[PDB]
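Generate a structure from the sequence data that follows.
(7 chains, ligands or ions: 7)
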Amino acid sequence: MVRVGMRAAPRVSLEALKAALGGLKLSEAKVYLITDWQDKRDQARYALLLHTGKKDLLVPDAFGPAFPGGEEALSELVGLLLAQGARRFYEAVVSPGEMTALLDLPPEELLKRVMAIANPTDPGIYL
Amino acid sequence: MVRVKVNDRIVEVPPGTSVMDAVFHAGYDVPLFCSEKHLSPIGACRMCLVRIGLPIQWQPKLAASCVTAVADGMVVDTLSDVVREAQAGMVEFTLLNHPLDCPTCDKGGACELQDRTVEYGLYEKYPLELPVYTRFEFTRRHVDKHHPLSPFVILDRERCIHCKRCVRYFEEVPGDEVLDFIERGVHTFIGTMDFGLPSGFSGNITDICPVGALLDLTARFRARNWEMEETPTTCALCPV
Amino acid sequence: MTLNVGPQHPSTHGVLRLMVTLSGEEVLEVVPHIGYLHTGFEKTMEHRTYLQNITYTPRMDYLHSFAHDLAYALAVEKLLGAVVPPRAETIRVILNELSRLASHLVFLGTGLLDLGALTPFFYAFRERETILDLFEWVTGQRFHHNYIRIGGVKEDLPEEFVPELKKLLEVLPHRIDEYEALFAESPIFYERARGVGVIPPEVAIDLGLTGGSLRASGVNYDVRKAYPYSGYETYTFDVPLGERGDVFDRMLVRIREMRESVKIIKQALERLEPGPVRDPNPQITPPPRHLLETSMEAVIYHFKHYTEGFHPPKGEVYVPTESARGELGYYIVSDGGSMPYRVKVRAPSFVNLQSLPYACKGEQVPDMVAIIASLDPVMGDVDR
Amino acid sequence: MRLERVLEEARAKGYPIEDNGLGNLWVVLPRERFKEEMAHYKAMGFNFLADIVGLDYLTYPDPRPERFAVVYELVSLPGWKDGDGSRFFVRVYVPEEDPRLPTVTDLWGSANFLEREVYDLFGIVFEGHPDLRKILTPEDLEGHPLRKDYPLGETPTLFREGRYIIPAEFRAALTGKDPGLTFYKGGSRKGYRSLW
Amino acid sequence: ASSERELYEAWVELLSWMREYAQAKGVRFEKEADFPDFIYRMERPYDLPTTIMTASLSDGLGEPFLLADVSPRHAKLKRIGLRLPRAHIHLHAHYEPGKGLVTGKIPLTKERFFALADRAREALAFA
Amino acid sequence: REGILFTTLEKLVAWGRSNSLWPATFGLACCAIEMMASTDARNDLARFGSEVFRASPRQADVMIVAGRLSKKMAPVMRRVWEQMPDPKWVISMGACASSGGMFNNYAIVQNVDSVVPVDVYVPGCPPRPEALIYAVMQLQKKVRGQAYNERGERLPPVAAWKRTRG
Amino acid sequence: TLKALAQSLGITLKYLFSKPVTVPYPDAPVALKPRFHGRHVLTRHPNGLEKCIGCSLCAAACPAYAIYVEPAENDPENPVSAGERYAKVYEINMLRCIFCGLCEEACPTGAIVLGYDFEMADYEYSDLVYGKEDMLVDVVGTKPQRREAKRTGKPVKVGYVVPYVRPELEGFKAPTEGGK
Ligand SMILES: CC(C)(C)c1ccc(CSc2cnn(C(C)(C)C)c(=O)c2Cl)cc1
Ligand code: SF4
Ligand code: SF4
Ligand code: SF4
Ligand code: SF4
Ligand code: SF4
Ligand code: FES
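Residues are numbered from 1 along each chain as shown, chains lettered A, B, ... in the order given. Ligands and ions are numbered 1, 2, ... in the order given. See below for the structure:
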């Protein structure tokens, strides 16, 4: 599993994600938008874990309107995932103390935890 | 090495082993107030009492297993009905004068007294007979409350059960005799004329006190022990 | 026609998916699909103190929940040997038979509405409200009531409970006899139920169809007689049975079960003498609320019990009971900790549902609805 | 009655008999003898198969032979042809890296769904099953929930201003291996049982 | 009997006395401990006039020099007790009707209490 | 055309949509029986305009999420929600739907607002039937445009108008 | 058995002319039993001191984990609780609360005790976290009810009636049997 981007850099993370994504077919891939604070999406921050099934991709807490211009990047991101054929969007809610350490856990622990705790999400809430 | 038997089990053990330690080493258990890791044991709480056979020749009176040495091939009984009877009795004596502050006690669930009491107290006396918790219906001991001994340490002299952990520590471990009793009998209470707590190792008694007498003032009234999110790590202020 | 009667549609109670293999208007065979409600009680229960799990017990089989409450209580008690006072046990069996009445009321209302006319859903369900009022009197809750405890019950009955209950015990026999007069001499329900639903007792046994429809196939297999636990040994009891497993005999047996349940309610309430309400052993029961201002030991036991709870011995346990849907039990593995090591539920409707492809095989497409309703499934029980 | 004959049959066969003082009986059969023994058990007249309960003994304080343990429940209906009422359990341990067990589909069709649940909840594959299709958990779910190494997946409870709770670090109740907030657990909180 | 009431009533008076001394000599008086059968009474009735059971007169350093306690609502052998810390000095006051508050047979006058507290101030207090 | 563009006409159609709430039955769990009891012959949700009950999603506007929304039911419900006419409202019934309830685990969506735009939330376990009537009255005055939150904001008549569904 | 159709007609008509049975909520107040599990209340002593001594037992015994208690030390000059400890922050998420009664059963001072109100539906998640000053016994009504009384100018009307309020609810204001 790869880790691209950096914290709190929506544009850098997004452009690196465009480049590294390429023409990957997401017909059976899974997108986990991990965030904190279930309700307040107005100031929410978002991290992304993309499980393709053959290899996985991590982007830390660098998306969301909590960062200046993060919502526009998140909009392009969800539009991109929807274009490539994604159907299954998920949101995992972790404690802020978790989000930061979670990206330092081994791939198996992070991925198992996230796939276990996921909440099915309507992608429309992030567009 | 030396052979010991705990109630059904046989243990090899080096000679200098305390009967209490060998008991725990066999997986058994016994209340514990007087003795502590790395502290000089003295039979004070009289909680560690077990049965000892030294031949089947039971000791005449119960031996203090916290400060009683071991001999090769010695029998130890911690499950005799009389044993649990005596342990519950000692626990009741200890709980006699506590101030009834558990709900507002910042030591909360992590009170050795609470756990040993919920373990060994109230042996099934012999139906659905109405049980009574306490028999002592007199007035309890009341002394000065929540006295900050130092900008770091709070002292509630009521909750003390008069063990020796804090004064024994202060004499042995730092070598700074800045805490000891005042009176004797039941009126005994802790005091000092060295108030600033000069020893730079004062805070550790905060953890040792099996009751909520000595607490960490800087963490007073924040949360209960089980509520706090525990992360073990290492302090990098200095190289040790 | 591999037709997908999808989840929840058309108004298929007990969210369920059915792939009806079917050519025409018959029913070749229905492939069921369940799992649409699996919440993980067997898992979440491993993380709640013994006292707390009583909050997880009723909400699974949300119609006849007191069977859950009592089975879990008995399993834990046997694990630690607690004694339920006779008055507590009697109140428990009263509430058990009462929730049985409410469950059967809801079952037959749902069934009658499922295919045919809507009206009789109300009257029976009406009584449920009255019954619920009764429960609201004692437990303060309509259902999902948290009343039972390991030693016994939470607290005592008010003076106001018995009169309302007698009033209902007076109206219920006439009410049930009215429904039966409506039903037994069935004009169309006869040609709708008597023939349908082939239940060969051999197959009902091989699939373990315990949910009261086995005795419609003529097997007198009830725990209340087979394995007396809560004093049923001390009750004047009719155990209804059916001659041939069909819908009609099923429904008649359930109605006679309701009347006998009312008779059991009368019997239990009549023998009611003052006494205590739960096992006062402090490890097992929290301290009485009045001496919290007298004893240190009181505060210690209250605090520890309501934070940690108690630690039963290392061991595994099971006790069965008879639900409105058949044999129930909890396989409880305790590891000597304050929380159970594992809690597995023998879900009667879960094993009972295996008989759907057989039952509805060759029946009509509309009758696939009644033949489900005749089984009285509760998918909170099945998916679990 | 047939339970007593099971006892007199198995005890001579060297099968240990586990019993607690509550009235429940366990008969431990090894892997091989399991299938033919239980075929005989049905032949002995054991019509009714109540439960197939899967167990993960990983986090049990005392160790056990194997991680997984599957228990079947065999009964004889009292009101049928020859009704004794004998009900008892058969436990069979299953290796962590060899989750094999032949099905009893040939004997009972009831184990059709039940075994599937264990393949859903545990990594146990039941050989000889008609269709091992995931019953309860979503189709795209990866893993087997009830085994202890599978997270429960708790989500914090929320409040007004940044104040939250993570339950697994919040729970005060102790499991078997959690020594507690004091130095240890002894006495009643290492196991307590009243004597009637 | 019911003298308990006046006892508690007289107890209040004692506390009153205490407060006066503190206000005169400019020494901190502190409410040490309240009644448990009043904190832990949930629906239960409470008839006592006050909620306070134990109090003290503390020096600048916080070490008390005069301690006073009264027996609870439900305890046997109801009394009032007095103590001087560090001085092995203990007093058992009762209340006898008609006479008044008594140390044994010696009535307890306000000025007696003042003399004891002044002696304590001069002697025991460190600062 | 969306029920707008005349001060009287929008009041009128909002009035109509408010009292003509046509429920779409989506029973999930034990909330469902206390939902149905809001229609029994002690307490009927059959007066305000909700007597008839179109199980079809093509004919009913209010979707009462009564019970725990298990994840394997989430996407299905998804399309079921999109299989409603656009003038539709979505009430989240029970604790398990509104919040995660006591089932804080891998199996349940911890707030149904994730998949569907929630109009009204109703705590309770189970919510007393009269609380369900109170929730539909809350939704009533919401779709009339007569509803304000704790922060002073007026809420839109129809939630699920503000989401770029796709 | 053709007679049964006629009998069905007959019984349906008999119930037709039996007009009454129903209650038109909110027009008619629902009769609630005195033991009902409702909106939590924080109770006060006669002295005016609040009963909560902030002991976090309600939060520890909460099987849904909806109770958060930030504690603080009583100010002896103006105390709030009866002991040396009080609850600076007591928030309860009604969406998490499953209405057990364990908080009441553990509260040693009888501070947190379930009430009776059920008309608590609101529109926004973050608004359904009821606060201490939104549940104190001093208050009359639920949050949406109070907000409607502000935005409406119309006083609070409770939609329930009970035969009586329990002793454990001392102070709890409710309609009582019709004495008023
Ligand atoms: C028309 C009414 C409102 C009466 C109606 C509304 C909704 C349904 C389908 S939901 C449903 C219904 N009953 N059950 C039981 C527990 C009885 C099996 C369920 O488990 C589920 Cl999930 C049916 C009828
Ligand atoms: S203050 Fe604590 S550590 Fe010191 S003697 Fe008393 S109980 Fe022991
Ligand atoms: S020291 Fe222990 S027994 Fe005393 S109040 Fe605190 S928790 Fe309770
Ligand atoms: S809130 Fe309660 S009644 Fe509703 S679905 Fe959840 S457990 Fe069932
Ligand atoms: S009733 Fe509510 S606040 Fe009280 S213990 Fe239950 S979930 Fe927690
Ligand atoms: S249990 Fe009662 S006294 Fe304790 S914190 Fe909760 S409300 Fe306060
Ligand atoms: S343990 Fe203290 S006396 Fe031995």
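
Now for residue 52: which residues touch it?
Here I'm looking at chain A. A:24, A:26, A:29 (Cβ atoms under 8 Å, 6 or more residues apart in numbering or on different chains). From N, CA and C alone the C-beta is placed, and that goes for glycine too.

that's the other chain; I wanted chain F
Taking Cβ under 8 Å, 6+ apart, we find residue F:52 in contact with residue F:22.

what about it, is that helix, strand or coil?
Under the three-state scheme (DSSP: H, G, I helix; E, B strand; the rest coil), residue F:52 adopts coil.

all strands for chain B, in order.
Counting by DSSP state E, chain B has strands at residues B:2-6, B:9-13, B:49-53, B:63-64, B:74-77, B:147-150, B:153-155, B:180-181, B:190-191, B:214-216.

ignore the last one, chain G
Going by DSSP E, chain G shows strands at G:30-31, G:40-42, G:67-73, G:85-93, G:112-114, G:129-130, G:160-161.

need the ones you listed in a markdown table with distance to ligand 6 and mean neighbour count, can you?
Shown next, in a markdown table, are the strands of chain G (distance: least, Cβ to the nearest ligand atom, whole Å; neighbours: other Cβ atoms under 10 Å in any protein chain shown):
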| stretch | distance to ligand 6 | mean neighbour count |
| --- | --- | --- |
| strand G:30-31 | 28 | 15 |
| strand G:40-42 | 7 | 23 |
| strand G:67-73 | 5 | 20 |
| strand G:85-93 | 5 | 22 |
| strand G:112-114 | 3 | 23 |
| strand G:129-130 | 14 | 22 |
| strand G:160-161 | 24 | 18 |
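
closest to residue B:137 out of those strands?
strand G:85-93 (26.9 Å; Cβ to Cβ).

Just tell me which of the strands of chain B ends up closest to residue A:88.
Set against residue A:88 and scored by Cβ to Cβ, the strands of chain B come closest in strand B:214-216, at 48.9 Å.

What values do phi and psi take at residue C:237?
phi -130, psi 130 (degrees, to the nearest 10).

try the one 4 residues further on
Backbone torsions of residue C:241, given as degrees, to the nearest 10, read phi -140, psi 160.

check contacts around the residue of the stretch 151-300 of chain C found nearest ligand 7.
Proximity of the stretch 151-300 of chain C to ligand 7 (Cβ to the nearest ligand atom) peaks at residue C:300, 19.5 Å away. Residues counted as contacts of residue C:300 (Cβ under 8 Å, 6+ apart) are B:95, B:102, B:113, B:114, B:117, B:118.

Does it lie in a helix or a strand, and which?
helix C:296-307 (DSSP states H and E).

now the helix or strand immediately after that helix in the chain: how far from the chain's centre is it?
Going down the chain from helix C:296-307, the next helix or strand is strand C:314-317, by DSSP H and E. Put simply, strand C:314-317 sits 25 Å off its chain's centre (Cα atoms, centre = their mean, to the nearest Å).

Contacts made by stretch G:161-180 with the rest, please.
Taking Cβ under 8 Å, 6+ apart as the rule, stretch G:161-180 contacts C:160, E:42-43, G:29-36, G:41, G:43-44, G:104, G:110, G:113, G:115-116, G:137, G:140, G:158, G:160.

end-to-end on it?
Counting by Cα to Cα, to the nearest Å, you get 12 Å between the two ends of stretch G:161-180.

Can you mark which positions in that stretch are buried?
For stretch G:161-180, the buried set under the neighbour-count rule, 16 or more other Cβ atoms under 10 Å in any protein chain shown, comprises G:161, G:162, G:165, G:166, G:168, G:169, G:170, G:172, G:174.

tell me the SS of the nearest residue to residue F:65 once chain neighbours are set aside?
With sequence-adjacent residues excluded and distances taken as Cβ to Cβ, 6 or more residues apart in numbering or on different chains, residue F:65 is closest to residue F:97, at 4.4 Å. At residue F:97 the chain is in helix, as set by three-state DSSP.

Burial check on residue F:97, number of neighbours?
Residue F:97: 30 surrounding residues under other Cβ atoms under 10 Å in any protein chain shown.

From residue C:242, how far off is it?
39 Å (Cβ to Cβ, to the nearest Å).

can I get the CA coordinates of the lengthiest helix in chain D in PDB?
Criterion DSSP state H: the longest helix present in chain D is helix D:31-43. C-alpha atoms of helix D:31-43 as PDB (Å, rounded to 0.1, in the frame of the first residue of the first chain):
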ATOM      1  CA  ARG D  31     -11.700 -35.200  14.300                       C
ATOM      2  CA  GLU D  32     -11.800 -38.600  12.500                       C
ATOM      3  CA  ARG D  33     -14.100 -40.600  14.800                       C
ATOM      4  CA  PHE D  34     -16.500 -37.600  14.800                       C
ATOM      5  CA  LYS D  35     -18.200 -38.300  11.500                       C
ATOM      6  CA  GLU D  36     -18.900 -42.000  11.900                       C
ATOM      7  CA  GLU D  37     -19.700 -41.600  15.600                       C
ATOM      8  CA  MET D  38     -22.400 -39.000  14.900                       C
ATOM      9  CA  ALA D  39     -23.700 -41.000  12.000                       C
ATOM     10  CA  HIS D  40     -24.200 -43.700  14.500                       C
ATOM     11  CA  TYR D  41     -25.700 -41.000  16.800                       C
ATOM     12  CA  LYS D  42     -28.400 -40.300  14.400                       C
ATOM     13  CA  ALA D  43     -28.700 -44.100  13.900                       C
END
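
so which of the contacts of residue A:52 would you say is closest to ligand 2?
residue A:29 (59.7 Å).

what's that closest one sitting at in phi/psi?
According to degrees, to the nearest 10, residue A:29 has phi -80, psi 170.

any idea how far the closest residue to it other than its chain neighbours is from chain G?
Nearest-residue entry for residue A:29: residue A:52, 4.4 Å, with adjacent residues in sequence omitted and distances by Cβ to Cβ, 6+ apart. In this structure, residue A:52 and chain G are 33 Å apart, going by Cβ to the nearest Cβ, to the nearest Å.

need the residues of the stretch 201-350 of chain C near chain B, please.
Within reach of chain B by Cβ under 8 Å from any Cβ of the partner chain, the stretch 201-350 of chain C has these residues: C:276, C:279-283, C:287, C:291, C:293-301, C:303-304, C:307-308.

neighbours of residue E:109, just the number please.
Residue E:109, neighbours per other Cβ under 10 Å, totals 12.

thinking again about what came up before, list the buried residues of the helix holding residue C:300.
Buried residues in helix C:296-307 (16+ other Cβ under 10 Å): C:296, C:297, C:298, C:299, C:300, C:301, C:302, C:303, C:304, C:305, C:306, C:307.

Closest one of those to chain A?
residue C:307 (22.4 Å; Cβ to the nearest Cβ).
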